[PDB]
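J.: Structure: data07.pdb, PDB, C-alpha atoms.
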ATOM      1  CA  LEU A   1     100.277 120.070  76.051
ATOM      2  CA  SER A   2      98.340 117.187  74.486
ATOM      3  CA  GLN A   3     100.962 116.792  71.756
ATOM      4  CA  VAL A   4     103.877 116.953  74.208
ATOM      5  CA  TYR A   5     102.177 114.532  76.609
ATOM      6  CA  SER A   6     101.377 112.102  73.786
ATOM      7  CA  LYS A   7     105.009 112.150  72.639
ATOM      8  CA  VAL A   8     106.294 111.622  76.188
ATOM      9  CA  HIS A   9     103.771 108.841  76.836
ATOM     10  CA  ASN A  10     104.766 107.066  73.616
ATOM     11  CA  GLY A  11     108.428 107.320  74.593
ATOM     12  CA  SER A  12     107.666 105.968  78.064
ATOM     13  CA  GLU A  13     105.671 103.103  76.540
ATOM     14  CA  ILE A  14     108.600 102.222  74.268
ATOM     15  CA  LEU A  15     111.003 102.331  77.222
ATOM     16  CA  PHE A  16     108.713 100.150  79.346
ATOM     17  CA  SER A  17     108.318  97.643  76.511
ATOM     18  CA  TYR A  18     112.100  97.443  76.105
ATOM     19  CA  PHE A  19     112.586  97.023  79.860
ATOM     20  CA  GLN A  20     109.958  94.272  80.019
ATOM     21  CA  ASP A  21     111.611  92.527  77.066
ATOM     22  CA  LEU A  22     114.901  92.651  78.974
ATOM     23  CA  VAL A  23     113.202  91.349  82.134
ATOM     24  CA  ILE A  24     111.487  88.370  80.478
ATOM     25  CA  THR A  25     114.731  87.165  78.877
ATOM     26  CA  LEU A  26     116.361  87.159  82.332
ATOM     27  CA  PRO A  27     115.524  84.669  85.101
ATOM     28  CA  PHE A  28     113.708  85.919  88.187
ATOM     29  CA  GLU A  29     112.179  84.254  91.228
ATOM     30  CA  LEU A  30     108.825  85.992  91.718
ATOM     31  CA  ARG A  31     109.623  89.625  90.922
ATOM     32  CA  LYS A  32     108.419  89.757  87.303
ATOM     33  CA  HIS A  33     104.839  90.291  88.485
ATOM     34  CA  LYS A  34     106.046  92.966  90.914
ATOM     35  CA  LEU A  35     107.908  94.746  88.105
ATOM     36  CA  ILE A  36     104.859  94.608  85.820
ATOM     37  CA  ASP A  37     102.698  96.032  88.614
ATOM     38  CA  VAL A  38     105.260  98.792  89.213
ATOM     39  CA  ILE A  39     105.276  99.693  85.510
ATOM     40  CA  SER A  40     101.469  99.745  85.367
ATOM     41  CA  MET A  41     101.189 101.905  88.493
ATOM     42  CA  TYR A  42     103.864 104.253  87.141
ATOM     43  CA  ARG A  43     101.955 104.569  83.857
ATOM     44  CA  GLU A  44      98.763 105.376  85.764
ATOM     45  CA  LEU A  45     100.637 107.965  87.834
ATOM     46  CA  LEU A  46     102.031 109.497  84.635
ATOM     47  CA  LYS A  47      98.535 109.727  83.148
ATOM     48  CA  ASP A  48      97.174 111.330  86.325
ATOM     49  CA  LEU A  49     100.077 113.792  86.415
ATOM     50  CA  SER A  50      99.485 114.739  82.772
ATOM     51  CA  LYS A  51      95.746 115.205  83.329
ATOM     52  CA  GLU A  52      96.288 117.385  86.403
ATOM     53  CA  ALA A  53      99.137 119.323  84.768
ATOM     54  CA  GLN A  54      97.105 120.317  81.710
ATOM     55  CA  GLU A  55      94.264 121.584  83.919
ATOM     56  CA  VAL A  56      96.553 123.513  86.268
ATOM     57  CA  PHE A  57      98.436 125.037  83.319
ATOM     58  CA  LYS A  58      95.140 126.134  81.768
ATOM     59  CA  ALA A  59      94.051 127.568  85.138
ATOM     60  CA  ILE A  60      97.181 129.473  86.252
ATOM     61  CA  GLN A  61      97.428 131.573  83.078
ATOM     62  CA  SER A  62      94.371 133.655  84.079
ATOM     63  CA  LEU A  63      92.156 131.782  81.624
ATOM     64  CA  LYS A  64      89.318 130.675  83.954
ATOM     65  CA  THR A  65      89.141 133.772  86.151
ATOM     66  CA  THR A  66      85.322 133.722  86.181
ATOM     67  CA  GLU A  67      85.146 130.412  88.060
ATOM     68  CA  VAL A  68      87.814 131.559  90.524
ATOM     69  CA  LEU A  69      85.975 134.829  91.184
ATOM     70  CA  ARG A  70      82.638 133.061  91.679
ATOM     71  CA  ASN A  71      84.166 130.497  94.046
ATOM     72  CA  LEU A  72      85.861 133.304  95.986
ATOM     73  CA  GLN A  73      82.541 135.156  96.238
ATOM     74  CA  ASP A  74      80.805 132.001  97.482
ATOM     75  CA  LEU A  75      83.543 131.419 100.063
ATOM     76  CA  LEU A  76      83.345 135.039 101.239
ATOM     77  CA  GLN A  77      79.574 134.729 101.649
ATOM     78  CA  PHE A  78      80.088 131.473 103.567
ATOM     79  CA  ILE A  79      82.598 133.140 105.900
ATOM     80  CA  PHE A  80      80.258 136.105 106.396
ATOM     81  CA  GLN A  81      77.420 133.750 107.328
ATOM     82  CA  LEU A  82      79.683 131.864 109.745
ATOM     83  CA  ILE A  83      80.767 135.139 111.364
ATOM     84  CA  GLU A  84      77.146 136.267 111.692
ATOM     85  CA  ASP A  85      76.220 132.928 113.274
ATOM     86  CA  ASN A  86      79.110 133.227 115.736
ATOM     87  CA  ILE A  87      78.053 136.783 116.622
ATOM     88  CA  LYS A  88      74.528 135.501 117.250
ATOM     89  CA  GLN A  89      75.945 132.702 119.418
ATOM     90  CA  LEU A  90      77.979 135.172 121.483
ATOM     91  CA  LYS A  91      74.939 137.442 121.826
ATOM     92  CA  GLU A  92      72.937 134.415 122.997
ATOM     93  CA  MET A  93      75.202 133.297 125.853
ATOM     94  CA  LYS A  94      76.278 136.417 127.742
ATOM     95  CA  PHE A  95      78.928 136.708 130.451
ATOM     96  CA  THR A  96      77.484 139.338 132.820
ATOM     97  CA  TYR A  97      75.767 136.642 134.898
ATOM     98  CA  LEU A  98      78.854 134.581 135.759
ATOM     99  CA  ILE A  99      80.452 137.630 137.402
ATOM    100  CA  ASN A 100      77.531 137.893 139.823
ATOM    101  CA  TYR A 101      77.541 134.119 140.359
ATOM    102  CA  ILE A 102      81.236 134.063 141.255
ATOM    103  CA  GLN A 103      80.804 137.157 143.451
ATOM    104  CA  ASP A 104      78.071 135.414 145.436
ATOM    105  CA  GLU A 105      80.117 132.207 145.595
ATOM    106  CA  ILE A 106      83.245 133.930 146.911
ATOM    107  CA  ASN A 107      81.198 135.935 149.419
ATOM    108  CA  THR A 108      79.640 132.708 150.706
ATOM    109  CA  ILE A 109      83.029 130.967 150.859
ATOM    110  CA  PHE A 110      84.719 133.826 152.712
ATOM    111  CA  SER A 111      81.773 134.078 155.123
ATOM    112  CA  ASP A 112      81.345 130.368 155.896
ATOM    113  CA  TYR A 113      84.243 128.094 154.885
ATOM    114  CA  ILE A 114      86.968 130.013 156.771
ATOM    115  CA  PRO A 115      85.547 128.985 160.186
ATOM    116  CA  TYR A 116      85.240 125.464 158.769
ATOM    117  CA  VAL A 117      88.911 125.648 157.775
ATOM    118  CA  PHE A 118      89.823 126.734 161.309
ATOM    119  CA  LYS A 119      87.756 123.910 162.815
ATOM    120  CA  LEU A 120      89.455 121.385 160.524
ATOM    121  CA  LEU A 121      92.825 122.802 161.581
ATOM    122  CA  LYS A 122      91.980 122.489 165.278
ATOM    123  CA  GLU A 123      90.658 118.938 164.865
ATOM    124  CA  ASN A 124      93.796 117.900 162.982
ATOM    125  CA  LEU A 125      95.952 119.555 165.655
ATOM    126  CA  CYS A 126      94.175 117.597 168.392
ATOM    127  CA  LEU A 127      94.480 114.353 166.416
ATOM    128  CA  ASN A 128      98.202 114.904 165.837
ATOM    129  CA  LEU A 129      98.769 115.771 169.503
ATOM    130  CA  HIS A 130      97.009 112.576 170.584
ATOM    131  CA  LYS A 131      98.961 110.506 168.049
ATOM    132  CA  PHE A 132     102.233 112.009 169.285
ATOM    133  CA  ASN A 133     101.325 111.325 172.920
ATOM    134  CA  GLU A 134     100.417 107.719 172.107
ATOM    135  CA  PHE A 135     103.625 107.179 170.123
ATOM    136  CA  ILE A 136     105.869 108.673 172.810
ATOM    137  CA  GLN A 137     104.136 106.590 175.491
ATOM    138  CA  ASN A 138     104.727 103.471 173.386
ATOM    139  CA  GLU A 139     108.392 104.416 172.945
ATOM    140  CA  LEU A 140     108.804 105.010 176.685
ATOM    141  CA  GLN A 141     107.234 101.628 177.446
ATOM    142  CA  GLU A 142     109.477  99.914 174.887
ATOM    143  CA  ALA A 143     112.600 101.503 176.381
ATOM    144  CA  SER A 144     111.432 100.585 179.889
TER     145      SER A 144
ATOM    146  CA  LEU B   1     121.633  86.261  92.670
ATOM    147  CA  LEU B   2     124.902  84.604  91.614
ATOM    148  CA  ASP B   3     123.467  83.755  88.163
ATOM    149  CA  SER B   4     124.051  87.282  86.822
ATOM    150  CA  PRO B   5     125.452  87.529  83.265
ATOM    151  CA  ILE B   6     129.204  88.132  83.552
ATOM    152  CA  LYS B   7     130.667  89.626  80.374
ATOM    153  CA  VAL B   8     133.284  92.115  79.195
ATOM    154  CA  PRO B   9     132.036  95.735  79.347
ATOM    155  CA  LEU B  10     132.230  96.611  75.637
ATOM    156  CA  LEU B  11     128.651  97.427  74.574
ATOM    157  CA  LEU B  12     126.000  99.011  76.786
ATOM    158  CA  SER B  13     122.928  97.546  75.047
ATOM    159  CA  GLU B  14     122.340  93.798  74.694
ATOM    160  CA  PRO B  15     119.649  92.727  72.194
ATOM    161  CA  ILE B  16     119.984  89.113  73.405
ATOM    162  CA  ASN B  17     120.986  88.159  76.942
ATOM    163  CA  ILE B  18     123.392  85.395  77.948
ATOM    164  CA  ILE B  19     120.716  83.360  79.743
ATOM    165  CA  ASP B  20     118.263  83.977  76.898
ATOM    166  CA  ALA B  21     120.813  82.593  74.428
ATOM    167  CA  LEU B  22     121.791  79.695  76.717
ATOM    168  CA  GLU B  23     118.102  78.729  77.106
ATOM    169  CA  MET B  24     118.456  77.511  80.695
ATOM    170  CA  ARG B  25     115.746  77.891  83.345
ATOM    171  CA  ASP B  26     117.457  78.599  86.670
ATOM    172  CA  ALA B  27     115.840  78.649  90.109
ATOM    173  CA  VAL B  28     117.030  79.050  93.707
ATOM    174  CA  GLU B  29     118.131  75.390  93.844
ATOM    175  CA  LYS B  30     120.297  75.239  90.703
ATOM    176  CA  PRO B  31     124.035  75.063  91.518
ATOM    177  CA  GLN B  32     126.014  77.034  88.952
ATOM    178  CA  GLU B  33     129.394  75.593  88.009
ATOM    179  CA  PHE B  34     132.548  77.698  88.223
ATOM    180  CA  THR B  35     136.077  76.476  87.540
ATOM    181  CA  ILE B  36     139.139  78.686  87.088
ATOM    182  CA  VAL B  37     142.589  77.273  86.319
ATOM    183  CA  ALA B  38     145.808  79.286  86.038
ATOM    184  CA  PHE B  39     149.106  77.505  85.341
ATOM    185  CA  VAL B  40     152.489  79.254  85.451
ATOM    186  CA  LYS B  41     156.069  77.973  85.522
ATOM    187  CA  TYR B  42     159.310  79.926  85.112
ATOM    188  CA  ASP B  43     161.345  77.359  83.222
ATOM    189  CA  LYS B  44     165.127  77.597  83.524
ATOM    190  CA  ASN B  45     167.853  75.760  81.660
ATOM    191  CA  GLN B  46     169.381  73.071  83.855
ATOM    192  CA  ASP B  47     172.597  73.444  81.836
ATOM    193  CA  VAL B  48     174.083  76.274  83.882
TER     194      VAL B  48
END
Could you show the structure in this file as structure tokens?

T.:
Amino acid sequence: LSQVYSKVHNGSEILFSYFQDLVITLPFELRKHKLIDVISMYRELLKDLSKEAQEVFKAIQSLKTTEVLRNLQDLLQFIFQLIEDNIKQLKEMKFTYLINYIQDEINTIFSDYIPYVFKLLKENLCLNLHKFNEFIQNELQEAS
Amino acid sequence: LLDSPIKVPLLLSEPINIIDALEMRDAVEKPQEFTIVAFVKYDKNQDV
């Protein structure tokens, strides 16, 4: 991989040098700096791609299995600890109490608020009846 | 943008460019001169 990457990088350097030689001989407004920056960034990207590619090629071929196994073991232990912590959290805050709380709440509501609902209904009925009587009296006076 | 090198498409690679050989520095305010002249006449004998 190092030999192949060195050959490809040398070829790319030659191509970039030729392209820059072509660019300088031609007139441009302000884009020569932009082109040089593009070439430099592309070279850096090529170097990064080569450096990552050699590592991934050396890793995929089952050549560093010890590190992968150890990292997998560490991750499994981490997940086991997280699961144990979540089990402890669930054991801490139970749910049997909220059933009794809501039972008491609904018993209280059904025993007390229903008469309050009926009283609100009757008060609103009286208010609407009085409003209707007032409005119809006003309409009768206006027609008169 | 109109100062591009116009040439016959014979060779793909150019070691020396047209502007590089002409040694002119062109900017956005340089008017480039273009003149084309085509003259044709179908001459006939007046002696019919």

J.: One decimal, Å: what's the distance from atom CA of residue 25 of chain A over to atom CA of residue 20 of chain B, could you say?

T.: 5.2 Å

J.: Have a look at atom CA of residue 16 of chain B and atom CA of residue 4 of chain B and let me know their distance in Å, one decimal.

T.: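 So the answer is 14.1 Å.
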
J.: Please produce, as JSON lines, a per-residue contact table for chain A versus chain B (criterion: any atom at most 8 Å away, only C-alpha atoms considered), showing the nearest atom pair and its distance in Å to one decimal, sorted by chain then residue number.

T.:
{"residue": "A:22", "atom": "CA", "partner": "B:17", "partner_atom": "CA", "distance": 7.8}
{"residue": "A:25", "atom": "CA", "partner": "B:20", "partner_atom": "CA", "distance": 5.2}
{"residue": "A:26", "atom": "CA", "partner": "B:19", "partner_atom": "CA", "distance": 6.3}
{"residue": "A:27", "atom": "CA", "partner": "B:26", "partner_atom": "CA", "distance": 6.6}
{"residue": "A:28", "atom": "CA", "partner": "B:27", "partner_atom": "CA", "distance": 7.8}
{"residue": "A:29", "atom": "CA", "partner": "B:27", "partner_atom": "CA", "distance": 6.8}

J.: Keeping C-alpha atoms, export the residues of the selection given above as a short mmCIF file (atom, residue, chain, number, x, y, z; two decimals), keeping the file's coordinate frame.

T.:
data_model
loop_
_atom_site.label_atom_id
_atom_site.label_comp_id
_atom_site.auth_asym_id
_atom_site.auth_seq_id
_atom_site.Cartn_x
_atom_site.Cartn_y
_atom_site.Cartn_z
CA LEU A 22 114.90 92.65 78.97
CA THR A 25 114.73 87.16 78.88
CA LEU A 26 116.36 87.16 82.33
CA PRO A 27 115.52 84.67 85.10
CA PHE A 28 113.71 85.92 88.19
CA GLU A 29 112.18 84.25 91.23
#

J.: Leaving out segment 11-15 of chain A and any residue of its chain fewer than 6 positions from it, which residues lie within 12 Å of it when counting only C-alpha atoms, given as a PyMOL selection string?

T.: chain A and resi 4-5+21-22+39-40+42-44+46-47

J.: With all atoms listed in the file as the counted atoms, please give the residues lying no more than 12 Å from residue 33 of chain B, apart from itself and same-chain residues fewer than 2 positions off, as JSON, numbers by chain.

T.: {"B": [2, 3, 30, 31, 35, 36]}

J.: Rank A:18, A:140, A:9, A:68 by their smallest atom-to-atom distance to residue 13 of chain B, using all atoms listed in the file, and report the top residue only.

T.: A:18

J.: Would you compute an axis-aligned box for segment 25-28 of chain A, covering every atom listed for it in the file with 8 Å of margin on each side, and report centre and edge lengths in Å to one decimal as lines of an AutoDock Vina configuration file?

T.:
center_x = 115.0
center_y = 85.9
center_z = 83.5
size_x = 18.7
size_y = 18.5
size_z = 25.3

J.: Compare A:78, A:50, A:144, A:97 by their minimum atom-to-atom distance to residue 8 of chain A, counting all atoms listed in the file, and give me the closest one.

T.: A:50
